[PDB]
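Please read the structure below before turning to the comments.
Along the sequence shown, residues carry numbers from 1. Quick note: numbers below take in every heavy atom, side chains included, and nothing from hydrogens, waters or symmetry partners.
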Amino acid sequence: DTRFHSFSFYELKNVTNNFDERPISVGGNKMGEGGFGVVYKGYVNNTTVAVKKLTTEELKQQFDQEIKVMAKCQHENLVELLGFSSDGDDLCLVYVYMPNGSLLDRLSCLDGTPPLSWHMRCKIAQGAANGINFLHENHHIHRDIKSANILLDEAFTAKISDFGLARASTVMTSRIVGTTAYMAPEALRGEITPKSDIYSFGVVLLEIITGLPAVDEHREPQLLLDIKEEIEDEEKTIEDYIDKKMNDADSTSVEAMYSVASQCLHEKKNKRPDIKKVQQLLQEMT
Ligand SMILES: CC(C)Oc1cc2c(OC[C@@H]3CCC(=O)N3)nccc2cc1C(N)=O
């Protein structure tokens, strides 16, 4: 019993051009994808929507968790679920359309979008921290904080997405989930704690500052979190790493954001700031 709309799988099929997997640029409907499904642009009730079409019973479990979590969690910095479909060939989740896609894609300037300014990145960092704070205050652990899970609306406001693996908040688990290049050491060992979301958020902050992905094989070092070491050893400077695709960054506020990222990335979970402290530091930054 939720306020979400039950759609016919056939209507979602019809409005996405039969789930046309080609990218939007070449005439299709595919906007992106991530582990459990493909995300399509649709048009329902005169409204643009995003339709995510999703092992086995575990997939139904992530569909149910996404719905249960979204019913309990509504906030300015969380993506809004509109409805779902379970009556056809496959499970679908329907959301408000995010015209600016994901932070990951906007940082890479995917499809030719202009680089995000430093002014916009600071607003995005603050928004995402506000969304995590809401989750934590409501005893939820996201478990998959990453730039692909921070969406951007019509005003480039950060909207946290993908609540399929979210947990009710420390304990251990037999099923270790998350994205390795963003995971805290205790999460890779099976610990479940909101302290891990802070670590993953530190990685997202490093992506915002540098414009670099969390992992790059043909790059060296391959993992972004390792720059914290290059810098502390005075081998490099955060300045050497600032994204060159901005014309408005200023050293002081960049260094304040790097300081927050550095505190988030403490290897010892108990030494990390909690989300309230992170929100505060990002507010003083601006
Ligand atoms: C709530 C999700 C389904 O909504 C979207 C997701 C997207 C996306 O997703 C990348 C990954 C996989 C799913 C996810 O949440 N993170 N990449 C690119 C564009 C996306 C646009 C929307 C949207 N609501 O318009």
Side-chain angles (χ1 to χ4, degrees), residues 32-35 101-110 113 115-118 120-129 131-132 142-152 158 160-162 165 176-189 195-246 249 251 253-269 271-273 275 278 281-282 285:
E33 86 181 279
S102 73
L103 176 59
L104 175 78
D105 292 350
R106 300 292 75 72
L107 288 172
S108 69
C109 294
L110 187 60
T113 62
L116 295 170
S117 64
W118 181 247
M120 299 170 263
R121 291 171 203 216
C122 287
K123 159 186 192 192
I124 292 166
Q126 295 169 329
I132 298 176
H142 185 289
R143 302 206 290 164
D144 209 4
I145 294 305
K146 59 180 177 178
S147 60
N149 288 341
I150 296 169
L151 305 184
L152 299 168
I160 296 173
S161 70
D162 209 323
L165 314 163
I176 300 163
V177 299
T179 303
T180 128
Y182 292 85
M183 289 170 67
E186 71 272 7
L188 299 154
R189 295 176 178 119
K195 294 172 181 300
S196 301
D197 286 346
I198 294 315
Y199 186 97
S200 305
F201 188 56
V203 180
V204 167
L205 288 181
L206 290 187
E207 295 180 79
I208 288 169
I209 290 162
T210 66
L212 299 172
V215 65
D216 185 342
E217 49 178 333
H218 307 300
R219 172 188 79 201
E220 268 274 47
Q222 288 180 271
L223 297 150
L224 190 56
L225 66 88
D226 281 329
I227 71 176
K228 176 169 167 296
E229 331 311 336
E230 282 183 329
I231 297 172
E232 285 171 354
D233 292 334
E234 262 164 322
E235 187 161 76
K236 295 186 73 179
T237 275
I238 181 64
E239 295 245 89
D240 301 14
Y241 275 114
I242 305 175
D243 190 349
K244 293 182 184 301
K245 308 181 291 306
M246 299 188 278
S251 304
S253 72
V254 162
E255 286 162 11
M257 192 187 279
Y258 176 78
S259 174
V260 174
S262 192
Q263 294 172 249
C264 288
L265 293 162
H266 257 264
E267 292 301 340
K268 300 161 172 70
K269 54 166 182 284
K271 289 185 101 73
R272 289 169 206 147
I275 194 57
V278 174
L281 289 172
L282 291 174
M285 167 180 75

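Atom OG of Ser161 and atom NE2 of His142 lie 6.0 Å apart (nearest 0.5 Å). Note: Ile150 CD1 to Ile208 CD1 = 6.0 Å, rounded to the nearest 0.5 Å. Rounding to the nearest 0.5 Å gives a distance of 12.0 Å between CE of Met183 and CG of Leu225. Distance CZ/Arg272 to OG/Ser196: 6.0 Å, rounded to 0.5 Å. Residue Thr180 holds its OG1 atom at 6.5 Å from CG of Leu223, rounded to the nearest 0.5 Å. Interatomic distance, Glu235 CD to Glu229 CD, rounded to the nearest 0.5 Å: 11.0 Å.
With contacts defined as side-chain heavy-atom distances shorter than 4.5 Å, the pair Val203/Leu265 qualifies. The shortest distance between side-chain heavy atoms of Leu212 and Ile227 does not fall below 4.5 Å. Residues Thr210 and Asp243 form no side-chain contact, since every pair of their non-hydrogen atoms from C-beta on lies 4.5 Å or further apart. Inter-residue side-chain proximity for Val278 and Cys264 is flagged as met; some heavy-atom pair is nearer than 4.5 Å. By the 4.5 Å heavy-atom criterion applied to side chains, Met257 and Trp118 are counted as neighbours. Between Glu232 and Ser262, some side-chain heavy-atom pair lies under the 4.5 Å cut-off. When side chains are defined from C-beta on, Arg219 counts as touching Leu224, because their heavy atoms get closer than 4.5 Å. Residues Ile198 and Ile275 form a side-chain contact, since some pair of their non-hydrogen atoms from C-beta on lies under 4.5 Å apart.
Shortest non-hydrogen contact noted between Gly202 and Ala261 is O-CB, 3.8 Å. The two residues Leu165 and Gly178 make their nearest non-hydrogen contact at CD1-N, 4.5 Å. Among all heavy-atom pairs drawn from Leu152 and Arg106, the shortest one is CD1-CG, 3.7 Å. Considering all non-hydrogen atoms of both residues, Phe201 and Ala128 come closest at CE1-CB, 3.7 Å. Of all heavy-atom pairs spanning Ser102 and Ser147, the tightest one is CB-O, 3.9 Å. The two atoms that bring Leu110 and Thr113 nearest to each other are O-OG1, 3.5 Å, heavy atoms only.
A donor-acceptor contact shorter than 3.5 Å links the side chain of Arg121 to the backbone of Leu116. Formation of a donor-acceptor pair under 3.5 Å by the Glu207 side chain with backbone atoms of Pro213 is not found in this model. For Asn149 (side chain) and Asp144 (main-chain N/O), a donor-acceptor pair under 3.5 Å exists by modelled atom type. Here the side chain of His266 pairs no donor or acceptor atom with the backbone of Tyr199 at under 3.5 angstrom.
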- Message: Working note: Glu217 + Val215, criterion side chain to side chain contact (heavy atoms under 4.5 Å, CB included); need CA distance, chi angles, decisive distance, verdict.
- Response: CA-CA 7 Å; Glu217 49 178 333; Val215 65; over 6 Å; no

- Message: For a side chain to side chain contact (heavy atoms under 4.5 Å, CB included) check, start with the C-alpha distance between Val204 and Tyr182, then their side-chain angles and the critical distance, and finish with the verdict.
- Response: CA-CA 8 Å; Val204 167; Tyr182 292 85; 4.2 Å; yes

- Message: If you apply the rule side chain to side chain contact (heavy atoms under 4.5 Å, CB included), what do you find for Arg143 with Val177, and how did you get there?
- Response: CA-CA 7 Å; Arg143 302 206 290 164; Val177 299; 3.3 Å; yes

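Heavy-atom neighbours of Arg189 CZ from other residues, nucleotides or ligands within 6.0 Å: at or below the threshold of 12.
For the residue pair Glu230 and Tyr241, a side-chain donor N or O sits within less than 3.5 Å of a side-chain acceptor on the partner.
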